[PDB]
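Participant: Just dropping this structure here.
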């Protein structure tokens with residue numbers, strides 16, 4: 001009875017969590033009994049809520065999980081552990097609070113009262129995601145923010161790389177490592193993106209598909225001369241405007 | 001405005017660790033305060 005269940009989960013935890021197991025190799029592995037009583041202890045092992053049933057498409061698939069998370073979810077009640085299964089099924093990209101309500105039929109009060117307790121149980125955190133801002137996104141403590149940085153201060157990276165070309169894409173990558181720049185990960189794709197903003201401003205020019213020459217904005221930096229052009233603008237009715245034709 | 005009985009108003013020195021063992025034997029409010037105070041640092045990196 002119990003010992004037959006103790007053998008099978010040691011086989012489930014034998015391999016590394018990948019290579020998701022199935023029945024066609026399980027009866028090769030544990031086939032001392034017929035399929036009529038093999039299922040009955042697995043359904044009893046489903047009654048001991050350790051084995052779960054994962055899906056590879058169009059067919060029947062199994063997956064065993066560890067005992068360590070099984071004990072902590074057994075502390076919860078029926079509806080408490082039920083909503084905890086949805087977030088851990090999402091895992092990597094989070095899940096939206098309103099979509100969780102759609103997959104339960106539990107209305108807005110009973111779901112929010114459940115996870116209010118669940119954050120105090122230190123199993124769930126809330127992150128701020130950017131592909132849809134201002135939505136409630138929940139994950140584990142396993143920290144997958146796969147969704148450079150959106151806020152400003154890109155110009156501090158941007159204003160220095162113009163100065164290196166002013167005296168005259170691979171040549172940039174050694175220069176950006178030094179000078180204590182507050183960065184954590186660069187890539188040759190990022191400098192290609194960082195350079196073409198200056199192309200749109202005509203701060204420098206793109207030649208021969210990777211090289212770059214300066215459009216001599218330095219003399220404009222210091223009719224096409226918009227600096228030192230201060231207007232009168234006071235007590236002069238005879239001025240010219242670009243609007244006020246519409 | 002000194003006196004002699006409020007000058008004697010002071011603990012029993014050998015019954016100190018007698019008494020705080022009773023005081024620590026009834027108290028658990030600072031207990032869960034502690035790991036919640038320890039949780040204030042844990043949520044900083046979370």
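Any read-out appearing in this document is the output of simple, stated calculations on the displayed coordinates, not a laboratory observation. Reconstructed Cβ throughout: ideal geometry from the backbone, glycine too, with neighbour counts over all protein chains shown.
Participant: At a Förster radius of 30 Å, what calculated FRET efficiency corresponds to the Cβ-Cβ distance of residue B:3 and residue B:23, to the nearest 0.05? Before the final figure, lay out the partial values.
Facilitator: Details: r = 28 Å, r/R0 = 0.93.
Computed FRET efficiency for residue B:3 and residue B:23 comes out at 0.60.
Participant: Quickly work out the residue A:86-to-residue A:190 label distance, labels modelled 7 Å from Cα along the C-beta direction, and quote it in nm with one decimal.
Facilitator: In this crude spin-label approximation the distance works out to 3.6 nm.
Participant: Given 5 Å bins starting at zero, what is the percent of C-alpha pairs of the protein assembly as shown in each, up to the one with the largest pair distance?
Facilitator: Calculated P(r), rounded to whole percents: 1, 3, 7, 8, 8, 7, 7, 7, 7, 7, 7, 7, 6, 5, 4, 3, 3, 2, 1, 0, 0.
Participant: If you don't mind, another one. At residue A:210 and residue A:170, where each label point lies 7 Å from the Cα along Cα→Cβ, what is the point-to-point distance in nanometres?
Facilitator: About 0.5 nm separates the two model spin labels.
Participant: Label points 7 Å out from Cα along the Cβ direction at residue A:13 and residue A:98: separation in nm?
Facilitator: In this crude spin-label approximation the distance works out to 4.2 nm.
Participant: Specify, per residue and in Å³, the volume enclosed by the convex hull of the alpha carbon atoms belonging to region A:1-64.
Facilitator: On the way: hull volume 5.6 nm³, N = 64.
Here the figure is 88 Å³ per residue.
Participant: Based on alpha-carbon centroids, what's the gap between region A:178-246 and region B:16-37 in Å, whole number please?
Facilitator: With region A:178-246 and region B:16-37 each reduced to a Cα centre, they are spaced 67 Å.
Participant: Here is a follow-up. As an exercise, use a Förster radius of 45 Å and the Cβ-Cβ distance of residue B:43 and residue A:55 to find the FRET efficiency, rounded to the nearest 0.05. Mind showing how you got there, number by number?
Facilitator: Details: r = 35 Å, r/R0 = 0.77.
The formula returns an efficiency of 0.85 here.
Participant: Let me ask something else about it. May I ask for the angle, rounded to the nearest 10°, between helix B:16-26 and the longest principal axis of chain B, with both axes built from Cα atoms and the value confined to 0 to 90°?
Facilitator: It is inclined by approximately 40 degrees.
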